[PDB]
Structures are given as C-alpha cells and as structure tokens.
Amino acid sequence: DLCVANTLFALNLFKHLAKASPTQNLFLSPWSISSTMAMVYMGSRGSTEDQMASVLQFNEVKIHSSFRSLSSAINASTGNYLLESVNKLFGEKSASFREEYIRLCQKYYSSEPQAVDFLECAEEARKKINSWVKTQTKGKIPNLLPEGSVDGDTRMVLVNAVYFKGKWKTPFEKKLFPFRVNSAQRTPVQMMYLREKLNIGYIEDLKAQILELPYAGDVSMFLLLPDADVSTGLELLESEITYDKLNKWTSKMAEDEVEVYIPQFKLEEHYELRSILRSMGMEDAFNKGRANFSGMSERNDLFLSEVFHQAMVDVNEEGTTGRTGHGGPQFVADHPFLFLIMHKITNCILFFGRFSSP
C-alpha cells in the first residue's frame, strides 16, 4: 500500500484530535496535512527530524519521491471529477534560505517558492496567502490563516490546498427524519435515499457496518456506522479503529442490493494543530529554543510556530422502480458515523470525518 504512512498518521491524528473534540462534527484532509508536514520535514534536522519522521509514520514502513508520485496520481486529469492538490512556499523576501531546500521542495512538491514581505507587511502577506488558497479551493477555504497567525518574525509559510468535486455514480433521491445525536437529543435532518448494488460489510472488531458509495471514477466514500454509549455511539469505533482493521475492508466486501439513507450535510471546520502534534510526539519542532530547521536555513534560526488546517465538505444528491420488499440490507445513517473519501488508485485517504450533529 503506497500510502500506508499517511493513513497511519491520519488515524493517529484523528484519535488525538478526538481527545480535544470527542463528540462534535470533525472534518479534515489527512492528505493535505501530510503534504505540508512532509515539506516541513524536508527542512528539519537532528532531534526535530527524528521526531517528525516518527510522528508522520515514515519509520513504520524515498519519502519525498513518494509524495511526488502520489501527488501526480492524485492530480491526474480524469473527466470523472475535479481533484487538485497544490503546494506553495511563501518566504520572507529578505531571508536567505538554503538553496538545496528551495530546489528540492520545488522538485518534489512543486511549491513554486514565492517571496513576500512578512518583515514589514505581514498582514498584507497573510491576505495574499489566504487569497491564493481561496483561489485554489474555488472559494471554499477563504481565510486559512487567522488574524495574528503571521507577524514580522514570520519567515516561511508552507501551504497545501486540496479541492475535490465529484458526482455520485448513482444519484440519490432527496427524500425530514430524526437523527439521534445522543441519548437525550434527536434533531431532524434531510435524508437522501438510494437503492442500488453496492459493497457492504460489517467489521466485527469495531461493531460497525461499512458501506462504499462510489463517485464516478476511482474515488469513493466509505461510511462506518456503529450498530454502546449514551453519547454519540462512536466511542468503541473511534478507540479501536486501526489501519489493519480498516484497510482489510476498504481495500472483503460483497456487493448486494442496499437501501441507503444518509443525511444531506455540509461541514466546515478549523483547527490549530500545534497542541495535537506535540501530544503525538512532535515536540522539538514547535520549541523555540530546541527546534532544528537547519535544512531550511543554515543559520538554524527557525522554529514552527503553529499549523493551521481548515476543511469543508458538502454532500448532496447529485449523480452522473416498483421495488417493494425489505428483506435485505439497510444502511440507515440516522445516528453518528465516520466517513472518509478514498483515492482508490493510490489508496490515500483524501478526507476523513465524523458526522454527529446536524
């Protein structure tokens, strides 16, 4: 599996993030995170580097060349959907970075290193960066970097943007049904219904149903739906999920005629990941006194201040009679579930979330 490190990191990040946010909606792009963090890693040395490789799961299994090939595959023109991943480096115009770093970051990440005036015009630089990300995401991520995230001491901002727009292989019918948020709350949601031949299974270890909903082309959504807590009902699934347990099923399913009910939903979440990444073991990178980014600058005068991630998803019915029985499988997502969008060719997780609260 040529995207195993990324998936391992994704799951460990999700678990750590769930400590901070145990029940509310949660949405992120592990691919985007991993790409930016690999560019940061390329600059690290010493204990900073060793910790980053551990956290990003590079030691659990040519790193930069693997990112280059995976990105190429993710960016391949298809006709079936829109999918773009783009990296970018913004650097203080008066700073002198290591020539090998700028070269190799361009070579492996295609980051088109650009000078900006953080030293004197930080707020204009913030706006310029935000605007670039807005453009790459077709307006969907308009203000990645919040107020105060950049200042006169900022020297480099490393950025990834991802955008995906797909249509279901089979459209849904737009059908309100009660959604069970927790043992004390139900909220009405607009449901979408499909009856179709689909891959469906059950992961005993996680006590959850798994469904694959294909888009046109080689991208799918997988949904994981518990069938033991008075909260979201996800505690078991979230605590016990692992790469081995998930990958067996995404990459064991048999096709059947399934009646599917899922909510129409839209999420938009913003994270600041320093605390999470420190918790996962990436400590020295964020330590002003200890950080070693000599790969970026031989002066060894840099540290990682913060990591900002913003992700959104909008799920609806859009796709490219007489049946009356109900003997067979149902997948009725009227209570919280996990979901992920998988690039089937690379086996990379592009997006991963928890839908718990309409």
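Start at 1 and count along the sequence shown; that's the residue number.
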Per the record, the count of deposited residues between residue 54 and residue 55 that have no coordinates is none
Between residue 264 and residue 265, the number of deposited residues left without coordinates comes to none
Ranked by mean Cα B-factor in the entry, 189 to 197 and 157 to 165, top stretch is 189 to 197
Ranked by mean Cα B-factor in the entry, 115 to 123 and 214 to 222, top stretch is 115 to 123
Looking only at 308, 58, 293, 27, the Cα with the top B-factor belongs to 58
Note to self: of 205, 269, 272, 284, the C-alpha temperature factor tops out at 205
Temperature factor at the Cα of residue 301, chain-ranked in thirds, falls in the highest
Of the three thirds of the chain ranked by Cα temperature factor, residue 95 occupies the highest
Binned into thirds over the chain's modelled residues, the C-alpha B-factor of residue 344 lands in the middle
Tertile call for residue 237 (CA temperature factor, within chain, third-based) is the middle
Split the chain's modelled residues into thirds by Cα B-factor; residue 50 lands in the lowest
